[PDB]
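Taking it in order: structure first as C-alpha cells, then the write-up.
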Amino acid sequence: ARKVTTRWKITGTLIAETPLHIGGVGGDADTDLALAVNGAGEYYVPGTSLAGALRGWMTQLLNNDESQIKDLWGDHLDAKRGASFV
RNA sequence: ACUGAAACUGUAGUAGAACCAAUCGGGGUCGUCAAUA
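In C-alpha cells:
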C-alpha cells in the first residue's frame with residue numbers, strides 16, 4: 002500500500018456558531034435553497050464541503066503555496082502526489 | 001491433447017458568489033334607521 006509512518010484520527014465536536022447552509026442540488030418545495038441531506042435524509046456536512054473549507058483556509062494561511070497544500074491534500078497531476086493524506 | 005496469472009475506475013476539486021422580508025397605512029370617528037297616516 003501507501004506507506005504510513007503514523008495514522009492520526011482527529012476528531013471533536015464542531016458547533017454552528019451561526020446558522021449553516023450546505024446546499025444540495027437545490028429546492029424542497031418549502032425553500033428555494035434546500036439543505037444537503039445524506040442518503041438517509043439526515044442533514045449532514047459533505048466531507049467534500051468540509052475538506053475544501055479546510056483546504057481553502059490552509060491555502061490562504063500558506064500564501065497559496067501549491068507545494069505544501071498538495072503535500073497534505075493530494076494532487077491529480079503531480080507524478081508523486083496523487084491521493085490526499087487527509 | 002487441458003480455464004493464464006496478477007491489477008481498487010481511481011486521483012484533485014467547499015453547491016457556491018451576489019441579494020435589506022421589504023414598501024404604503026393617525027387606533028380612528030355622527031345621523032342615521034323604519035313607512036305610512
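Residues 2 to 87 in the authors' numbering are what the first sequence spells out, letter by letter. Quick reminder that beta carbons are idealized off the backbone N, C-alpha and C, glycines included.
From what residue to what residue does the alpha helix (DSSP H) around residue i run?
i, result
"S50", "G48 to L62"
"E18", "Run containing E18: none; DSSP gives neither H nor E here."
Select from the options the residue whose C-alpha is nearest the C-alpha of residue i.
i, options, result
"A17", "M59, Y45 and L63", "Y45"
"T49", "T6, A37 and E43", "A37"
"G42", "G53, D33 and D29", "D29"
"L15", "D79, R82, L55 and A2", "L55"
What is the DSSP secondary structure of residue i, reduced to helix, strand or coil?
i, result
"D72", "helix"
Buried or exposed: residue i, going by 16 or more other Cβ atoms within 10 Å of its Cβ?
i, result
"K81", "exposed"
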